[PDB]
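What follows is a set of notes on a single structure, which appears directly below.
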There are 2 protein chains.
Amino acid sequence: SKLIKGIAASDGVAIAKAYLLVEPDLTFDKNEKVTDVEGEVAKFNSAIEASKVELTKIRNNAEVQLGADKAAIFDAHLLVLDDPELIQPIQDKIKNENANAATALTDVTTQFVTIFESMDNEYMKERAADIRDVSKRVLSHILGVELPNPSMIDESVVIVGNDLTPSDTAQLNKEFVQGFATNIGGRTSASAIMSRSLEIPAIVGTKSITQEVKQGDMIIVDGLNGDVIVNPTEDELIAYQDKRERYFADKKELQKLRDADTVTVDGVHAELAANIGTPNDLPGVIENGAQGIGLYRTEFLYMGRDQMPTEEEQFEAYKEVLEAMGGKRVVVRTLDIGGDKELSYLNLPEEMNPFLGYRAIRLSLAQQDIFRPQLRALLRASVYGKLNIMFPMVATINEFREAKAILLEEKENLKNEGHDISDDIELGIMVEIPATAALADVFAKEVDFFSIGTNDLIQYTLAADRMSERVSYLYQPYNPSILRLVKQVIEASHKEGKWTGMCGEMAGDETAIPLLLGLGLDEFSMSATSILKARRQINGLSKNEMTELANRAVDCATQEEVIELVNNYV
Amino acid sequence: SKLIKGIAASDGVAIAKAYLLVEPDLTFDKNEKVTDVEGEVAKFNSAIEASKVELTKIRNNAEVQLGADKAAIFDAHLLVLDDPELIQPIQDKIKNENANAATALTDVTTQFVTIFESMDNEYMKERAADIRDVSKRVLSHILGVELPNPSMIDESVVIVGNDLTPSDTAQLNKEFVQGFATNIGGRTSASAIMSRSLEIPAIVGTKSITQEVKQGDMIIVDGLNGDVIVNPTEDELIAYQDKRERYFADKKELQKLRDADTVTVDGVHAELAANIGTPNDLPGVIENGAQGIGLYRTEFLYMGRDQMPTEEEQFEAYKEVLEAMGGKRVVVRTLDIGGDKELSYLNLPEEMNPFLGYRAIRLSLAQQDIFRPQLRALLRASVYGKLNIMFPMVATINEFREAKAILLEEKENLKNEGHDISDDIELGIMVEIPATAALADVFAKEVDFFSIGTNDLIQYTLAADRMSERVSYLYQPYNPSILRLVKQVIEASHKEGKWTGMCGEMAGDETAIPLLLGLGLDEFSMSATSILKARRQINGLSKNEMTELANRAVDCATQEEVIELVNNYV
Ligand SMILES: [Ca+2]
Ligand SMILES: [Ca+2]
């Protein structure tokens, strides 16, 4: 009776009555002069403590109950409640201006949030989001009102609301909550990530859903194709019941693939790997039948520490992974901290444009006392599992020759000391610089393998920063220009008997896979949560047919042409 | 007897006795507490006025005597002497700290210069340079000492010194000054630009020249190949006398080319054009036998004004040029103000990385009320000369389709009003985005012509900012990656009967020309001062032979390989 399209954020088909997530009434008298200043201050302080304690409960029992690393967002919320930068100005305003806590809180929050959100930085945009969640909570206490939550208490419902706060999603009881649909939110948001973790169907960013649903209405959430249906007709209910069952069936046959090999209908093999940033992501990897690790981000090791990680710490983490993989490929990426990142412990110039300047291997070279410890640690850890090393931001040849020369320096350094190493350690490069693709066949002669970082490559090839909203529209992964460089790299590697993988998010995308297949892509690195689906898709395809499809795409004139070719190909 | 290599900054061979440019003794007692504060302040103020008047003489008679636009640097020096930001702190320091003017001047200057120089910005680096020149002058007055100058007074000398200040070079009397050689300085410095204007042989940045020469020594300056010779042997003198004469002969035969056509030995034509940023550069253009204008930078029109230029002003300037060219091609470039530029009158976000974000046609689109006036002005001016329009930073197709659609909007807007236009106006694009090269054959179908901006293309392809000294080494114009994109663009244009030009500095380079020839380059845009030399070189070459040379270059592995192939090709 009513179809509302949105962004699918979690697979599955949920069918239950609508539960409306009612929000607090945060209305209050502005500029109401307070009689008791110290009283008003204590009122605001009480709210802080009350919120602080509530968030400690949510946090600690979020982990131990569902991922010990997912509760990190809450550690980010509690931090906000401890930041003098944010609290002092509120207290100052109440004291000096005699403003009520409600107004002082609003004004200061609005000030900070506006500055951070109108700012081309991920971390800054993240803090604004957190400050939003906590201010609402704190304000709620101040006005003597309550936030929403999960206290049902029956029955099977579909949560309908504007947006689910990270605190709400962590409180969801999959026993009753069949799924949710909200006006706003993102496929990549923290709450929407906890969603697919709880395998709870969800579609997000619909804008209108809240105004389209009355409490008690039957709701179906098609997290498969991303559309919501309010008040289903008899025929629609019957049809989606079957779809929900097929979903469960597919889940079954999907688990019989965890140990199955990835082979196209016409005998062409591929390798499905997983991208990990922390050794806490290992469980998910083996569980999802991964053919190794194609991207191991080692920035998490260097970040958030007093001093840079010793060779020992590193060796410990590398050894652990190589073991956990029992001989399966592990591609470790040299330190590549984004020019626009933290690192509040290192010496680095402000640089007009960080994303073009001193970062990755550029930093690595000329800093061989901070880049070398990593290498000597990788060489000692190699005696365990199958190790691959690769350098980020290699734009030129003799850059690769210098780094490789540094590596062989250590293979000699350790040996003489008494340390044994493995003689088979592949050495490749992270392909993000367009220049490196332009000369692929030259690099292919010297490099053991390529792995494309679409995220970077797209920004450099099209010359636009995805962070800057002004030109973010130029983040076009299905752009023919990109496809051509991709193909160029792949062709070159096979010309030398090398292989090309892709550890950018595009590799795990169910719509970009058939193209990459047809281009000849050897390895697909993705989130472990997508490996099984990729294997199912690839095993049912013919490289021959996808080759012709790809050769039509590279000759398209716009991304719009490509996306349509793909969606309606015969 | 002594050969000192350096950077040639001006052609010619000068042979005369050494005149050493003696510098002032700026030594003084530091932290010498002053007795009379108001006296010391007036002492410093006197120096300011004395310098100010000296620089007004240098400035106004610099123009009217040699270019009315070259004296701009001095307008930049006088401005410094008027900047309260720089003066107040000196006066403040003398008053509060009782420091002598000499120390107060030194400390504040050192502070400002350090901050500006250690800063990845051209304008900021330019101000530091100016502050250096003026502080030295001002300090000179304060210490009761004199700066160097040109008061000879015989005879023919070669100026030897550490560096020539913009004030010294403008005082040079070509009647006596045969040429100069300095320890430091740049081929692109203002003073070194006035040098080639006065056709006075010069080599710069030798580091050692000052310590290698005694007053009165015979000096020969080979501004042709860039080496200095101190105390020439009898045989060397004889040989360089002949070289000086050949130089004069070559000058002669070079003027017989101003009206000659550019044609290779094997009948292959090319077009040598000139890059102009201001209509004051026209005289140089026609004088140097240019085949039109391949790059007309229109940023000088928008910059340094209260409000953006009306359609009228623009139409006036475009009409003037098109006339001055009597039917010769004029390629005008749409407004492209660098993200890291002034524009202290426009609304633009700070943006983390300007060089990737909101600039050129990106800005143009979404601002059709500030981009349209230019177009409607170009359409009305087209009825005069041969007009070509081209858009900067076009990374994608439908960007070009949108802009072209805007253009045709105006061709309709004017027509109905009563304004007549020319039906033949070519419309091409500035090729700086690597993505645009990757899809050249698609763009070639829709675009009338390509023109490569190496300056930008090199930075995007290799992903490094030339301004940032940390990664500036990646500004590699002879890199095989670049050559390949260049070739790719050229091939595509000819496949559609289009043409490709290059208005980057590389096009006018006597070492990059034979390569570009062999690549098939149709048009070469450069500084008018290089056109004649390019014609001489090209007219003496065979495209056939340079084709094979180019095809060996594109398959090189590094810039070092390419630069050597070129220098020692047979
Ligand atoms: Ca290099
Ligand atoms: Ca576009």
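Numbers and lists here come from the model and the stated rules, or from a named source; no laboratory instrument gave them. Counting neighbours? That spans all protein chains shown, and the Cβs are built from the backbone with ideal geometry, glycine included.
A few remarks follow.
- In region A:464-478, of all residues being facing chain B (nearest Cβ under 7 Å) and more than 11 Å from ligand 2 (Cβ to nearest atom), the one that is farthest from the chain's Cα centre (by Cα) corresponds to A:470.
- Residue A:398 buried (at least 20 other Cβ atoms within 10 Å of the Cβ) and either assigned by CATH to the domain that holds residue A:504 or more than 23 Å from residue B:469 (Cα to Cα) (or both): no
- Entirely in region A:223-311, the helices (runs of 4 or more DSSP H) that have 3 or more residues that are farther than 30 Å from residue A:178 by Cβ: A:299-302
- Pair list, Cβ < 9 Å and 6+ apart or interchain, from region B:336-350 residues that are closer than 12 Å to residue B:360 by Cα to residues that are among the β-branched types (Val, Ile, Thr): B:336/B:298; B:336/B:361
- Among the conditions (1) of a type in the set (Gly, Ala, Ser); (2) touching a strand residue (DSSP E or B) at 6+ places or on another chain (Cβ under 7 Å); (3) free of Cβ contacts under 8 Å to residues at least 40 places away in the same chain, residue B:405 misses just one, which is (2).
- Cross-chain or 6+ apart pairs with Cβ under 9 Å, region B:284-309 first and touching a residue at least 24 places away in the same chain (Cβ under 8 Å) and farther than 23 Å from residue B:325 by Cα, then part of a loop (DSSP other than H, G, I, E, B) and among the charged types (D, E, K, R): B:303/B:341; B:303/B:342; B:304/B:342
- When region A:453-463 is limited to residues that are of a type outside the set (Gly, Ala, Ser) and within 16 Å of ligand 2 (Cβ to nearest atom), the one that is surrounded by the most Cβ atoms within 10 Å (Cβ to Cβ) turns out to be A:461.
- Residue in region A:418-429 that is more than 16 Å from ligand 2 (Cβ to nearest atom), within 22 Å of residue B:488 (Cβ to Cβ), of a type outside the set (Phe, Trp, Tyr) and surrounded by fewer than 24 Cβ atoms within 10 Å (Cβ to Cβ) present: no
- Some residue of region B:123-132 being within 14 Å of another protein chain (Cβ to nearest Cβ), of a type outside the set (S, T, N, Q) and in contact (Cβ under 8 Å) with a residue 60 or more places away in the chain: yes
- Filter result (more than 16 Å from ligand 1 (Cβ to nearest atom), of a type in the set (A, V, I, L, M, F, W, C) and in a helix (DSSP H, G or I)) within region A:369-402: A:370, A:371, A:375, A:377, A:378, A:379, A:381
- Whichever residue in region A:439-452 is crowded, with 24+ Cβ neighbours inside 10 Å and not in a helix (DSSP H, G or I) and, among such residues, is farthest from ligand 2 (Cβ to nearest atom): A:447
- Residue A:157 fulfils the conditions (1) within 18 Å of residue A:226 (Cβ to Cβ); (2) touching a residue at least 60 places away in the same chain (Cβ under 8 Å); (3) surrounded by fewer than 24 Cβ atoms within 10 Å (Cβ to Cβ); (4) over 19 Å from the mean Cα position of the chain (by Cα) except for a single criterion, (1).
- Unique match (being in a loop (DSSP other than H, G, I, E, B) and either among the hydrophobic types (A, V, I, L, M, F, W, C) or within 16 Å of ligand 2 (Cβ to nearest atom) (or both)) among B:366, B:405: B:366
- Yes/no for residue A:376 being touching a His at 6+ places or on another chain (Cβ under 8 Å) and away from ligand 2 (no atom under 16 Å from the Cβ): no
- Residue within region B:502-524 that is at positive phi, more than 16 Å from ligand 1 (Cβ to nearest atom) and in contact (Cβ under 8 Å) with a residue 24 or more places away in the chain present: yes
- Lone unmet requirement of (1) surrounded by fewer than 13 Cβ atoms within 10 Å (Cβ to Cβ); (2) out of contact with any strand residue (DSSP E or B) (no Cβ under 9 Å at 6 or more places or on another chain); (3) under 23 Å from residue B:130 (Cα atoms) for residue B:22: (2)
- Flag for residue A:565 being surrounded by fewer than 23 Cβ atoms within 10 Å (Cβ to Cβ), more than 28 Å from residue A:473 (Cα to Cα) and either more than 16 Å from ligand 1 (Cβ to nearest atom) or away from chain B (no Cβ under 14 Å) (or both): no
- Enumeration of residues in region B:106-150 that are among the aliphatic types (A, V, I, L, M), in contact with a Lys or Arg (Cβ under 9 Å, 6 or more places away or on another chain) and closer than 22 Å to residue B:50 by Cβ: B:108, B:113, B:142, B:147
- Selection from region B:337-373 of residues that are more than 11 Å from chain A (Cβ to nearest Cβ), within 21 Å of residue A:352 (Cβ to Cβ) and polar (S, T, N, Q): B:344, B:347
- Test: residue in region B:424-440 that is away from every other protein chain (no Cβ under 14 Å) and out of contact with any strand residue (DSSP E or B) (no Cβ under 6 Å at 6 or more places or on another chain): yes
- Within region A:121-136, the residues that satisfy the criterion of being of a type outside the set (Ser, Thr, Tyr) and within 15 Å of residue A:108 (Cα to Cα) are A:127, A:128, A:129, A:130, A:131, A:132, A:133, A:134, A:136.
- On inspection, residue B:376 passes the criterion of being in contact (Cβ under 8 Å) with a residue 12 or more places away in the chain and more than 14 Å from chain A (Cβ to nearest Cβ).
- Test result for residue A:426, over 22 Å from the mean Cα position of the chain (by Cα) and either within 16 Å of ligand 1 (Cβ to nearest atom) or not aliphatic (A, V, I, L, M) (or both): yes
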